[PDB]
Amino acid sequence: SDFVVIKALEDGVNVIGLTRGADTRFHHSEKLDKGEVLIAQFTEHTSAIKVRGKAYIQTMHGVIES
Amino acid sequence: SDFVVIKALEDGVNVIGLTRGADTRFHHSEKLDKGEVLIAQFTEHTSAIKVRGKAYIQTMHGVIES
Amino acid sequence: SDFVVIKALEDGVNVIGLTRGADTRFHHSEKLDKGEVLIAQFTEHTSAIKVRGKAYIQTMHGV
Amino acid sequence: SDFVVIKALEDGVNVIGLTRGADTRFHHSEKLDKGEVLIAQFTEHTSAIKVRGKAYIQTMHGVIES
Amino acid sequence: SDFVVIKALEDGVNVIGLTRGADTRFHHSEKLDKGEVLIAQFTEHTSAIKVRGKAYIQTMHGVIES
Amino acid sequence: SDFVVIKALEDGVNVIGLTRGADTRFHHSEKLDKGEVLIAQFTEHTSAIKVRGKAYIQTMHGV
Amino acid sequence: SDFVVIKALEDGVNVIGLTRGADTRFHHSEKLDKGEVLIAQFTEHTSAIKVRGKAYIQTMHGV
Amino acid sequence: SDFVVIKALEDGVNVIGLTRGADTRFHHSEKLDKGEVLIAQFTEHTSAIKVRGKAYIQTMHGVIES
Amino acid sequence: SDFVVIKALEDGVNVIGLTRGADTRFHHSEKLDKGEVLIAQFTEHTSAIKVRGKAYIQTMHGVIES
Amino acid sequence: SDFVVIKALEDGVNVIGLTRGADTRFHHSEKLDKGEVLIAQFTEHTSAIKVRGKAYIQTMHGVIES
Amino acid sequence: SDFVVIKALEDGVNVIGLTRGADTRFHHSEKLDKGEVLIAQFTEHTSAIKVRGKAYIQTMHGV
Amino acid sequence: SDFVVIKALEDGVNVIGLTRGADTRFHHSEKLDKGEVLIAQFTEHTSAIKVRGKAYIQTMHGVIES
Ligand SMILES: N[C@@H](Cc1c[nH]c2ccccc12)C(=O)O
Ligand SMILES: N[C@@H](Cc1c[nH]c2ccccc12)C(=O)O
Ligand SMILES: N[C@@H](Cc1c[nH]c2ccccc12)C(=O)O
Ligand SMILES: N[C@@H](Cc1c[nH]c2ccccc12)C(=O)O
Ligand SMILES: N[C@@H](Cc1c[nH]c2ccccc12)C(=O)O
Ligand SMILES: N[C@@H](Cc1c[nH]c2ccccc12)C(=O)O
Ligand SMILES: N[C@@H](Cc1c[nH]c2ccccc12)C(=O)O
Ligand SMILES: N[C@@H](Cc1c[nH]c2ccccc12)C(=O)O
Ligand SMILES: N[C@@H](Cc1c[nH]c2ccccc12)C(=O)O
Ligand SMILES: N[C@@H](Cc1c[nH]c2ccccc12)C(=O)O
Ligand SMILES: N[C@@H](Cc1c[nH]c2ccccc12)C(=O)O
Ligand SMILES: N[C@@H](Cc1c[nH]c2ccccc12)C(=O)O
């Protein structure tokens, strides 16, 4: 099962889960302060993930650092 | 399931999901402002993804940037 | 399932999906303007994809 | 599921699908003008593919350029 | 399913499918003129493929040319 | 199933498990003191893990 | 299923299929003339293949 | 199933199993004195493992030592 | 399904199939003259193969040449 | 199915199996004298293995020599 | 299923199979004389193998 | 299924199959004279193979010769 690693590079980063299904809305926003890490899966309820703010992101595809 | 990473390189990038099935229409357009990232799977409802605007994109096949 | 990445290098690139089944016709053509990207899977309804117009294209086999 | 990429290197290339089953006949011919690309799967209805005209062809086995 | 790529290097190459099952006979012969290509799977009906004429052939095992 | 290796590099590192399902809340926070290690899986109940505090972290994607 | 690639380097190469089962006999011999190619699978009916005559042969193990 | 190797580098190292399920508590603490090794799987009952004390640890992800 | 390639390096090579089951006896011996090749599978009826005479043998493990 | 190789580097090494299930206790201790080797699987009854004494240990993760 | 290759480098090497299950005892010890080889699988009845005596041993993890 | 290649390097090599199950006895001994080869699988009836005599042996793990 696929997952995303997000490390915040500043205060106030948001990681937002978008709902799986015919409809798409934000179901949760997790706040990260500078240096906090979130390792989040794709799930039965989450089929897309949006990241706002300067962040280091790893997935199976590789890395993107803000 | 396969997924795409999109990093917006300018304001107002749109990531659009196209419906799976006999019919094809846009079901959702997620706006991304500069530096924001979307990690989005293909799903039961989305079998094609369209990106408009300056974006850095990674898939299983590699990177596509501009 | 397998997918193709198409980036339009001109305006009006057509990504044309062809029907899975005994019959072969286009059921959808998605237009891409210069610099726009489509990542499109093979699916229950699409078993062949045609690209008309100048495009950078990636598949599992390469670019 | 296996697939073939065909890029036409001249006008009037034909990509022809041959029927799956005990009988073999052409069920469809798709025309490609110079520079047009066809990415076609093997399917429930297509077990062989014939290409006529100068074409660049990729499969899992590698490349043949006319 | 496994497949074979055949590129005809002269006019009048024949790609022949041999029947799967207790009995073995030719069920189809596809003629290829010079530069024409056939990508052909093994199937429920075809368990051996015969090539006659000058051909460049790729399989999973490699290339065989002349 | 997939797992994460967290080594605390300060006292009071919190490894926070978030609920699998429609709702997202923390159901458990495991505290790690400096030098202590937690190897934690994704499971039926945990679909996201947050680490608060300075930590060396390994996943399938790298450190 | 596994297959063998035989290219005849003389006239009258015989590719001989032997019966899968308790009994072992040839059920088919396919003749190849010089330069002709047979790509032949193992199947429900063929569990051993014999090549008589000079031939270039590829399998999963090499040439 | 995935497993962890722990080698104690001092007396009194504890390897603790945390319960799988909605609830999370310690169910067992195995003490390791210097040079002693535990190879421990994740299981139906254990979905997280905690190490306290100076240890050399190997997992699928690599080594972690001190 | 596993298989053995045998090429005879002299006249009179024998490739012998030993029966699968509680009992073990030779069920067939195939003769190979110099330069003849046998590609033989392990099967429902054959769980061991004996080769007598100077032969070049390939399996998944590699090569043995007499 | 995963397994551990233990070679004793002194007399009196013990390899101890810990029970699978909600409860954890030692179910068996196998003694190894210097140079004796134990190759032990994880099983329906054993989910953790403890080694006491100077030992060379290999698992899928690599080697630890006392 | 997984297997071990034992080559005896002295006379009287014992390859000892231990019972799969709740109980652990030896159910079989196969003696090897110098230079003799045993290739032995893990099975429904054997979940641990002990080698007593000087031996060259290969597993999936190496020698 | 896994298999072993044995090449006899002297007359009178024996390849012995040991029974699978709760009981262990020899069920078959195949004699190999010099240069003769046996390729033998593990099976429903054979879960250990013993070689006596000078032999070159290949398995999935590598080669063992003398
Ligand atoms: N509700 C959408 C979410 C989604 C996933 N991938 C997307 C790509 C573009 C737009 C929306 C999405 C779905 O499950 O299909
Ligand atoms: N509704 C279409 C969407 C699609 C996927 N790939 C395509 C390629 C071309 C055109 C449309 C598509 C389908 O599910 O099949
Ligand atoms: N309707 C055809 C479409 C197709 C796929 N691959 C092809 C190759 C050639 C011609 C047509 C096709 C089918 O599903 O089989
Ligand atoms: N109708 C044939 C088509 C075919 C596939 N591979 C071939 C090779 C040779 C000749 C015909 C074929 C079949 O399904 O079997
Ligand atoms: N009881 C929790 C244990 C757990 C696993 N990974 C975690 C990460 C953080 C907190 C707790 C956990 C569960 O099975 O899901
Ligand atoms: N309850 C959410 C937790 C979650 C997983 N990945 C996420 C990414 C973003 C936001 C929330 C999450 C879920 O199971 O889907
Ligand atoms: N009718 C034969 C065709 C065949 C496949 N491989 C062969 C090798 C030799 C001779 C015939 C064959 C079968 O299906 O088994
Ligand atoms: N009828 C035999 C054919 C065979 C396959 N491999 C062999 C090796 C040796 C001798 C005969 C064979 C069988 O199906 O088992
Ligand atoms: N009848 C035996 C044949 C066999 C396979 N591997 C062996 C190794 C040694 C001796 C005999 C065998 C069986 O099916 O098990
Ligand atoms: N009875 C425990 C044994 C165990 C496995 N891994 C562990 C890690 C730590 C403590 C105990 C264990 C179980 O089956 O889950
Ligand atoms: N009858 C034993 C044979 C065996 C396999 N591996 C062993 C190792 C040691 C002793 C005996 C064995 C069993 O099937 O389990
Ligand atoms: N009867 C034990 C044998 C065993 C396997 N691995 C072990 C490790 C240590 C001690 C005993 C064992 C079991 O099946 O589980």
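Both backbone and side-chain heavy atoms feed into the values below; hydrogens, waters and symmetry mates do not. All ligand and atom numbering here is 1-based and tracks the order in the structure. Every chain is numbered from 1, with letters handed out A, B, ... down the list of sequences.
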- Query: Distance from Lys50(J) atom NZ to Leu32(H) atom CG, nearest 0.5 Å?
  - Reply: 5.5 Å
- Ignoring hydrogens and angles, tell me if any N or O in the side chain of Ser47(C) forms a donor-acceptor pair with the backbone of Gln41(D) under 3.5 Å. no
- Query: If you count the non-hydrogen atoms of other residues, nucleotides and ligands that lie under 6.0 Å from CD in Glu10(H), is the total more than 12?
  - Reply: yes
- Is a side-chain N or O of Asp33(K) found less than 3.5 angstrom from the main chain of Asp11(K), in a donor-acceptor match? no
Please give the N or O to N or O pairs under 3.5 Å between ligand 10 and the protein, distances rounded to 0.1 Å.
unit_1	atom_1	unit_2	atom_2	d
ligand 10	1 (N)	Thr19(J)	O	2.8
ligand 10	1 (N)	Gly21(J)	O	2.8
ligand 10	1 (N)	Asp23(J)	O	3.1
ligand 10	1 (N)	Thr24(J)	OG1	2.7
ligand 10	6 (N)	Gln41(H)	O	2.7
ligand 10	14 (O)	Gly21(J)	N	3.1
ligand 10	14 (O)	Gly21(J)	O	3.3
ligand 10	14 (O)	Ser47(J)	OG	3.0
ligand 10	15 (O)	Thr43(H)	OG1	2.6
ligand 10	15 (O)	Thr46(H)	OG1	2.9

- Using atom types as modelled and distance alone, determine if a side-chain donor or acceptor of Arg20(J) lies under 3.5 Å from a backbone N or O of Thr43(J). yes
- Task: Could you tell me how the ring of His61(B) sits relative to the ring of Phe3(C): parallel (under 30°), tilted (30 to 60°) or perpendicular (over 60°)?
- Result: parallel
